[PDB]
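Tertiary structure, described
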Amino acid sequence: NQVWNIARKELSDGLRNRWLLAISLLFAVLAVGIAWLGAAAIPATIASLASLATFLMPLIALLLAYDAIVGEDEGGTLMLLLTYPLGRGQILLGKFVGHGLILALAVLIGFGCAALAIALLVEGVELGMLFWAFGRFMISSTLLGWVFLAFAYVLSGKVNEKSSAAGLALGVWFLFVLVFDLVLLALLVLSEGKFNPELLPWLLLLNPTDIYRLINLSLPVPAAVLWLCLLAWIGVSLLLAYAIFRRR
Amino acid sequence: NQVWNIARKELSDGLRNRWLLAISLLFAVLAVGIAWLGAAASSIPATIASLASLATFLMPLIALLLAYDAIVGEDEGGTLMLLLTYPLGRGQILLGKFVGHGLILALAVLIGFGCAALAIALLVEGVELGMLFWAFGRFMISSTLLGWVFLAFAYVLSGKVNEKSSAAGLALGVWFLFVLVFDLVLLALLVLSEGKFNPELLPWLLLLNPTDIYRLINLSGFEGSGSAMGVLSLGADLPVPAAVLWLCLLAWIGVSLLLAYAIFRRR
Amino acid sequence: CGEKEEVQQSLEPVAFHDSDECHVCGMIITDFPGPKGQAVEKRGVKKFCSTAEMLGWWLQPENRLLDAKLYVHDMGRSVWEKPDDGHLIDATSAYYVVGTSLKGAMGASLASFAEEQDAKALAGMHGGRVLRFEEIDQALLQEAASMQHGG
Amino acid sequence: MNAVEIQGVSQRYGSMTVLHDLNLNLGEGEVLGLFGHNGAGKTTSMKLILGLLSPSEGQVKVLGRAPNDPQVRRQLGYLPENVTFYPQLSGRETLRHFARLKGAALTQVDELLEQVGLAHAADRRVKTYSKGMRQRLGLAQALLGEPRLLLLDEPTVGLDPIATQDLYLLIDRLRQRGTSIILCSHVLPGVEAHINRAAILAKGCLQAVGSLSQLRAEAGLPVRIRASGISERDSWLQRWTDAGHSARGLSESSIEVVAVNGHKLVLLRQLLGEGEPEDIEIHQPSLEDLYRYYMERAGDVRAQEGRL
Amino acid sequence: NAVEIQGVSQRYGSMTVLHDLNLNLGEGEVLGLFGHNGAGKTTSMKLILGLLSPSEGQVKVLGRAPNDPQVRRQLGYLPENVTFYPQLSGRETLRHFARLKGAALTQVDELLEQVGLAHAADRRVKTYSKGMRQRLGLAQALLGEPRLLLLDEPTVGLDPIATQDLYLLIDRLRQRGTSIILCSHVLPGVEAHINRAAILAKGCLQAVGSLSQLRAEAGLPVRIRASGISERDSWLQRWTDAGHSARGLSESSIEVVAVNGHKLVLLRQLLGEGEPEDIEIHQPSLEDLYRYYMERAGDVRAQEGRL
Amino acid sequence: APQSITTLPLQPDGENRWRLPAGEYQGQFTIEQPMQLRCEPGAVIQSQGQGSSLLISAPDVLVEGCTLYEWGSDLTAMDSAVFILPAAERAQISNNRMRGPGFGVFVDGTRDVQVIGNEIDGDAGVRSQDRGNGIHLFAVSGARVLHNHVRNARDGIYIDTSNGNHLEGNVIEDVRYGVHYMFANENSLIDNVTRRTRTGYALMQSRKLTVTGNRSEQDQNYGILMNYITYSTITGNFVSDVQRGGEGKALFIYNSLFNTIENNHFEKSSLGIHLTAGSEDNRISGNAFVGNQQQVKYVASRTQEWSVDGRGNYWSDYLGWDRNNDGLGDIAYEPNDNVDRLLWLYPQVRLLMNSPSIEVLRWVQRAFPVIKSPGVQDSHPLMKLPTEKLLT
Ligand SMILES: [Cu+2]
Ligand SMILES: [Mg+2]
Ligand SMILES: [Zn+2]
């Protein structure tokens, strides 16, 4: 299968990005430095780690794959790759596997070094709950990153230049992290007669950063729908990216 | 003069940058929004320390957005090697870029603090119009100087590097270090030592950060409360007057331009 | 229809029981004379040992925005030592009298009425002044309770 | 057997036809040249041969199949113009990436890095490569496997003057084996020594197809004979002008003959018979001059004294 | 005598990347500089422009100093690839260069019409092709009557009608008295337009002179072929009587490599029997002359397909 | 209702002093003469379960060392263990053990009664609505209730309209309310210990009183509840670990206008101090807010200085410095943000409380002070613990 032969390229090309390795070092330091000030000062520190990994795992995903399609069109290899025995689906799905295992490794250096500072500096952490609360944390942090990876394929395939792709990747990162919940707060504190607050637990499902926190904070909905709603955010946006990539 | 003929380009090149005109209108629509909350709360020493905090985040940002690709954006673009075969020097195409990008920040803050004054003289009734013009006259001729510091910082990190993708990483490093890391290492040095590291050296460390010398100039008259300053409360322990704080802001330009010229002279 | 359906549950007031603690002071409500306010919220009913302790709760800024119906007793149709549960009027459209020598539960004695002449009956019989619900503020509650249980 | 059989396609985008009535047949070992100026027909024809587009009013038969079969593209090299590969990857790892996709054997990567002369700069990043160093890498992925058709869109841009002539010696070694390739260049002297048959095409149509001997025969273009001191300039200016040829009156000791190549068979006997041929330069009407003629044959009024 | 390089052996890093080049350029000639292994091609380019200091030797541009502003208004430099200023327009880029070089502002509208760019004038440089930027890069080189052009590959990324018209525009400037240097790597095509070539390799300037001189100083076979011959079997042998191997590769493609010592009698063999149609005296071109002088200094001939 | 003279008391001294020997008895008993009766430690006066067991109607009676068992439970007829009439002035009830389902010590209208050193274990099965009070005091002036041990009664030491009396050194365990106060003007209570209680100290409508040195170990949902107290004094109280059961508040100030709240220690609760909107501008200085998950809950926009005479409180999350070596900190401490009161004003923000936008909005307040609502700040907070002795 050629979905893996193009995946081994993106592993070797993504891991030599100095922009990515700078952020993954700062993510791994700040996950320890919050856990250091969360132990001396475990659900109380995994919520502050959830707000940390909502800042940077969309930022890591948009740093990797904002120039995945349009960066190859500017490089000229995109027109070359379509003349190979390769579909347009196998290029996108193979870049999604290759960029996916990068931030599936960036939480294993991110939270793999954070759990070392928790299991060895608390002395009574009751580690049987740790390997289920961090197994739920490391898996759901990749799925948060895989949404914004599929968001990055949507904005890369739409644009025609690399400079306006970074202008949209900053726009997607601002809108889905800290504009959607600030306009939820402004719809609370300024509107109450025409804003039903019972509707607001369902309006959090239109935001994958919000669905990320709800499966790290354990609510009218169960947990298993939020796992199926986070995976639905991958599956529509990848299918949306495949529909955009077929119109170049 | 040759220094003005290359300034007229950069005045007509920064004004077509759509990324500048977005975040320089953001400086105008926030300076109205800060001054509108300062009129509804009346309050006066809080709208001065918040306007100086707004220009701490944006006047280095507009300066580093302009001039991070000033030399290295021309070197890898090919148009720098051509420019030295024109009747110019290396001192004229740097000081000319400093004049050309300097008038953009002189217009990006005259728009920002200009419309902030009209959201005070038309909003709070009975304000002292002599004191308002003096306070916003000190805000205008010192936020340019903060902008001209980071303009001269950007020429240092453009002459040193040889790739524009690495210049944007270093310009983001300079913006993070001087704005919101130097304020946090100095805070953590005071917290973890409980203020007993050095009781006399630590106020002199405010002069090693031009964003903090900018805050110390505008917070001279309106000290007001104690919690409005935060980490700037060490500035009461600084024995220097206000006129040296202007000259220490001008010395941050003149060393960081002569460093930018000596780097560019052996490019 | 959503606002009306939520109204269609909040409007009814629950009758007081012997095992009813106050929301603020937490002690047993029916061991006291005087009218007893209560607050129906439509997400959970909270009750109060006195009407002055209910109005002290209502003037806090957490509950200014809270859409919740306030219900007090009608002391024009009840004996003051043992108020029943039958007639429980709306607290916004009442006529509280103030400054009487009657012994309420927690705050000042605020006898609630609905007909304003029986409120004028108790005002002249003890030296008080009738006042509406919207004139009640926190400068008045602390002034009137200091004149009742002070000196 | 023909490699590319473009059989009467007419490719349009909306109402405008960017490529109208193109009819090519590339042979089994021929080197064909797609040259275009006003039209975007050159670029669209490239896409039609590959699997990038579809013929809206015709059909293409690349190697006897449709151009988008995987059996076609495993034996089809394509070097695009101005390509810049993945700069954080190395030179060996980039070709090892491209060998995995085309199904070529991994024992051919170290051969083709040696074949294009990239052994010294292998295992270095693509960002620390020159422009012509990337053209050696871009040529090397086209030779992966056993290709039967190459589309070299501008292969010698930014290349060293030894390496361009070495590239065309690799071309004539390839076309002897039986892989018919296509040159797509814009520097017309240099491609003209190795092109088997030109395919100059205008805005819409295909202007002319055939070898250089057929283009010079159809388009009547005059020979550019320049000499230096056969007998004398003024004694030799007179002779070609009654026979219908232009004799340019230069300064001193130079005989420029622009003859009309129709009567000059027996006229050249007198030039040998009265003097020595020891310093002459006969220039045939070149591929640059033929291409400028076909731009004047359909469109494109000539620029001024010196304009364009 | 425009460019007078004398005795220059430029050293940097104690490497001696240039050595003893004496490159006098005439006041109307079109010189060509071609460099392969040697870095002389770029260092000498700089040396004439005045942005480099000649260690152990002197460069005299226009009879004066190379870094004077009075001679730098009379130069024109087209660099390798100049994506100029993508947010500026076409007129605004050229008016910027007109103000720096001291040229009159009446030249800017008549250089965007002299070069074929008036239809794409007042349009942003990010919407330009590579060929249109080479058109714009030429337009600042002809700014304010330059007495010395210096072009670094001016015809790359350029369509062939504009390429042929560029050399006609060069041929206008040769008659005006302006010396032009055409430094290129695309050597077939520039040999018809230059007057003197200068192949420099491994620092040392190997060969200089006109194209007629470089074929005289290098014994190379002249390739007479007569395409469309009547008879072919005796034409395989009838040229070898005076030592000219008549080797052919097609039905009639006898590319007779001669010796340049019997040019009368081989054409008396050709015109005495058999009629020609279009004789092709193929001189050893600038591509073929370059690989002789390169091989004479350091280079060894590469293998069968090994570059 | 029999009398105390109907038993067999062996007189130790002939000054109306009697001594009941060891051996059990039965029924209610009544004191009508001023007898300073003592008891042997085996004097188990066990009533049958109805009526007040030891009713007292005579003044100046020093009841000492008795052990009462199983009196009535009718709280309406006030079936106590020790009923003390208004005519029974200056009674001493010393060192007694009581176990029965009603009132332990019910006094009313008395003066200078001394309730010293008793151990009153109330109940185990009654639903804390009919257990009766431990030490009920109903409008007494002069009382001295000292060093008792009340366990498992209903609402502990209830006090109703009693003016001047001291509550010194008594341990109160496993009850609903620790000390209940109703309209007790000019009261006092020192050094009391309250353990595992649904409200540690009820201070309802009692003015001008002194609350000093008290300790509250592991109470439920209310550490010290003060309703409508004026001119009071809260000095040296140690409130520790108020767990939920309310969410757990170490001090709940409701409509208390004037009181001096100094040198306290509010430790390891969910809320350190709850200040309602009606209770403002009172001297709160010198306390220790250590280990609480949220220090102040103050839902208002009015500014509230919490430092009299330039000295503030010690805060555990105070990340400040002190350059000039005095005891005071250098920067002021705001315990509440603007987004820290959006959680209290709107409970739907609890879904958004872990969002980065809320974490953005916490940083915007520290940079832009125009959006800071005027809160509950204190200039000059303390750097070290002032309550170094209260941890014992
Ligand atoms: Cu009470
Ligand atoms: Mg300090
Ligand atoms: Zn109550």
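For each chain, numbering restarts from 1 and follows the sequence as written, which can differ from how the entry numbers it; residues lacking coordinates are not listed. Written order determines the labels here, with chains lettered from A and ligands numbered from 1. Derived side-chain values reflect all non-hydrogen atoms in the structure, with water molecules and hydrogen atoms excluded from consideration. Residues with missing side-chain atoms are left out of burial classes, side-chain pairs and their counts.

The deposited coordinates, according to the entry record, derive from cryo-EM at 3.8 Å resolution.

Moving on, we come to the interface of chain E and chain D. Each partner contributes residues to the interface: chain E has 49 residues there, and chain D has 49 residues. Buried area is a sum: the accessible area each of two parts loses on coming together, probed at 1.4 Å, counted once for each and added. For the pair chain E and chain D, the summed buried area comes to about 4600 Å², and 53% of that belongs to carbon and sulfur atoms. For chain E, the biggest contributors to the area lost against chain D are E:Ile161, E:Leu271 and E:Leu307; these three give 16% of the whole. Basic side-chain nitrogens of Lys or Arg form a salt bridge, by our definition, when they fall within 4 Å of a carboxyl oxygen of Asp or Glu. Notably, a salt bridge pairs D:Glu114 with E:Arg306, separated by 2.5 Å at the nearest N-O pair. A run of H or I in DSSP becomes a helix once it reaches four residues, and a run of E becomes a strand once it reaches two; helices and strands are each numbered from the N terminus. Secondary-structure elements contributing two or more residues to the side of chain E that touches chain D are α5 (160-175), α7 (263-272), β13 (278-282) and α8 (286-297) of chain E. Of all the elements, α5(E) adds the most residues to the side of chain E that touches chain D, at nine residues. A per-class count over the side of chain E that touches chain D returns 21 nonpolar, 10 polar and 18 charged. By definition in these notes, contact holds between two residues if any of their heavy atoms fall within 4.5 Å. Here the nonpolar group is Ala, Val, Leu, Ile, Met, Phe, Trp, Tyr, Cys and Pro; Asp, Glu, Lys and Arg are the charged ones; every other residue, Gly included, is treated as polar.

The next point concerns the coordination of the zinc ion (ligand 3). Water is absent from the atoms considered, so a metal site may look incomplete; donors are defined as N, O and S atoms within 2.8 Å of the metal, or 3.2 Å for Na, K and Ca. All of the protein donors around the zinc ion (ligand 3) are C:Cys22 (SG), C:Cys25 (SG), C:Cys49 (SG) and C:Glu53 (OE); their distances to the metal are 2.0 to 2.3 Å. Sites are called tetrahedral only when four donors show all angles between 85 and 135 degrees, square planar or octahedral only when four or six donors show opposite pairs over 155 degrees and all other angles between 65 and 115, and irregular in any remaining case. Considering all four donor atoms around the zinc ion (ligand 3), angles at the metal cover 82 to 167° and the coordination shape is irregular.

When the centres of two rings from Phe, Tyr and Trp lie within 6.5 Å, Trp using its six-membered ring, the rings pair. Their planes under 30 degrees apart give stacked, over 60 give edge-to-face, and anything left gives tilted. Applying the stated rule across the entire model yields 48 aromatic pairs over all chains. Ring centres of F:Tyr231 and F:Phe258 lie 5.0 Å apart, and the angle between their planes is 15°; on these two criteria the pair is classed as stacked. These aromatic residues form a ring-pair network of at least three members: F:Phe266, F:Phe289, F:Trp306, F:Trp315, F:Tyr318 and F:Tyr333. By the criterion adopted, a ring carries a charge over it if an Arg CZ or a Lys NZ lies within 6 Å of its centre and within 35 degrees of its normal. Over the ring of B:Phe264 we find B:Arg90; its NZ or CZ atom is 5.9 Å from the centre of that ring.

The next subject is the interface of chain E and chain B. Contacts between the two partners involve 23 residues from chain E, matched on the other side by 20 residues from chain B. When chain E packs against chain B, close to 2200 Å² is buried across both sides, 60% of that on carbon and sulfur atoms. Considering only the side of chain E, the residues that lose the most area to chain B are E:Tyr85, E:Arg99 and E:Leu100, jointly responsible for 27% of the buried surface there. Summed over the shared surface of chain E and chain B, the result is one salt bridge. The residue E:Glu92 makes a salt bridge to B:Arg16 at a minimum N-O spacing of 2.7 Å.

Before going further, it helps to spend a moment on a nonpolar patch on the surface. Residues and elements named next belong to chain B. Think of a patch as exposed residues, more than 30% relative accessible area, with no salt bridge, where like charges cluster within 9 Å and nonpolar side chains (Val, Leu, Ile, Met, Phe, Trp, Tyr) cluster within 5 Å. Residue-level accessible areas treat just the shown protein chains as cover; the underlying method is Shrake-Rupley with a 1.4 Å probe. Taken together, the side chains of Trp-4, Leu-11, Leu-15, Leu-21, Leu-95, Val-99, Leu-103, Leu-107 and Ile-111 define a hydrophobic patch exposed on the protein surface, amounting to about 730 Å² of accessible area. The greatest single-element share of the nonpolar patch, amounting to five residues, is contributed by helix α7 (residues 92-121). Its location among the elements puts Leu-15 in the loop between α2 (7-14) and α3 (18-40).

Attention now moves to the pairing of strand β7 (residues 179-183) of chain E. Residue and element names in this part refer to chain E. Summary of the burial criterion: residues with accessible area below 20% of their type's maximum are buried, those above 50% are exposed, and those between are partly exposed, where the area comes from a 1.4 Å probe applied to protein chains only. Across the five residues of β7, five count as buried, placing the element largely inside the fold. Of the two faces of β7, the one lined by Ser-179, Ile-181 and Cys-183 and the one lined by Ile-180 and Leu-182 are each fully buried. Two strands make a pair as long as DSSP finds a minimum of two bridges between them. Here strand β3 (residues 30-34) pairs with β7 via four bridges, running parallel. Paired with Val-30 across the two strands is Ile-180, which belongs to β7. Relative to β7, strand β6 (residues 148-152) runs parallel, the two being bridged by five bridges. In the sheet register, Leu-150 faces β7, and the bridge partner there is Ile-181. If the strands point away from the viewer and the path from the first strand over the helix to the second runs clockwise, then the crossover is right-handed. Taken together, β6, α5 and β7 constitute a β-α-β crossover, and its handedness is right-handed.

With that out of the way, let us pick up the side chain of F:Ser128. Residue and element names in this part refer to chain F. Assignment of secondary structure puts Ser-128 in the loop between β13 (119-121) and β14 (135-138). Looking at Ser-128, the relative accessible area reads 16%, which means it is buried. Residues within four places of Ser-128 in sequence aside, it is in contact with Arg-154 and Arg-176.

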